[PDB]
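Virtual Cβ from ideal backbone geometry, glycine too; neighbours counted across all protein chains shown. What follows is calculated from the coordinates using simple rules that are stated; it is not laboratory data.
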Amino acid sequence: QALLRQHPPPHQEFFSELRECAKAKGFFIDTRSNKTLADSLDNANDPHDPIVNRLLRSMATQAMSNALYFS
RNA sequence: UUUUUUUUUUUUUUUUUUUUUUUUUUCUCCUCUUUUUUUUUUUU
């Protein structure tokens, strides 16, 4: 008896086009764990432009799952 | 030196009654365009 808040893991398909565009300018990423997701993200820092990080994490933020309550 | 007479303002009053807002039409009718539908997160 309580009420908790979950984020069940995502699946590859919202990542597919993401990976595509990562596979368009340089960056190699992989999808096996939120640890290595976040790591292989935060390193990629395109030198001659600022928008890249914002934009990439924002399409990443169009990918993922939901947060809903349960007893 | 000029007398006498020719009516006037309809009579009547001591009758019972058990309803009720309104009121009566007008037909079927092509909604145009990046999408699956996004979604955690924190500061109110």
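Tell me which residues, restricted to the range A:17-44, are of a type in the set (S, T, N, Q) and surrounded by 10 or more Cβ atoms within 10 Å (Cβ to Cβ).
Matches in the range A:17-44: A:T31, A:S33, A:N34, A:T36, A:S40.
May I ask you to verify whether A:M64 is of a type outside the set (V, I, T), within 16 Å of RNA strand B (Cβ to nearest atom), in a loop (DSSP other than H, G, I, E, B) and out of contact with any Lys or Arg (no Cβ under 8 Å at 6 or more places or on another chain)?
yes
Residues of the range A:45-63 being surrounded by 14 or more Cβ atoms within 10 Å (Cβ to Cβ) and closer than 20 Å to A:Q12 by Cβ, which ones?
A:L56, A:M59, A:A60, A:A63
Write out, first by first residue and then by second, each pair whose Cβ atoms fall under 9 Å of each other, whose residues are 6+ apart or on separate chains, and whose first residue, in the range A:32-57, is touching a residue at least 24 places away in the same chain (Cβ under 8 Å) while the second is outside any loop (DSSP other than H, G, I, E, B).
Pairs that qualify, where the first residue is touching a residue at least 24 places away in the same chain (Cβ under 8 Å) and the partner is outside any loop (DSSP other than H, G, I, E, B), are A:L56/A:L18; A:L56/A:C21; A:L56/A:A22; A:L56/A:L41.
Matching residues to (1) over 9 Å from the mean Cα position of the chain (by Cα); (2) outside any loop (DSSP other than H, G, I, E, B); (3) away from RNA strand B (no atom under 16 Å from the Cβ):
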| position | (1), (2), (3) |
| --- | --- |
| A:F27 | yes, no, yes |
| A:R32 | yes, no, yes |
| A:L41 | no, yes, no |
| A:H48 | yes, no, yes |
| A:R54 | yes, yes, no |
| A:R57 | no, yes, no |
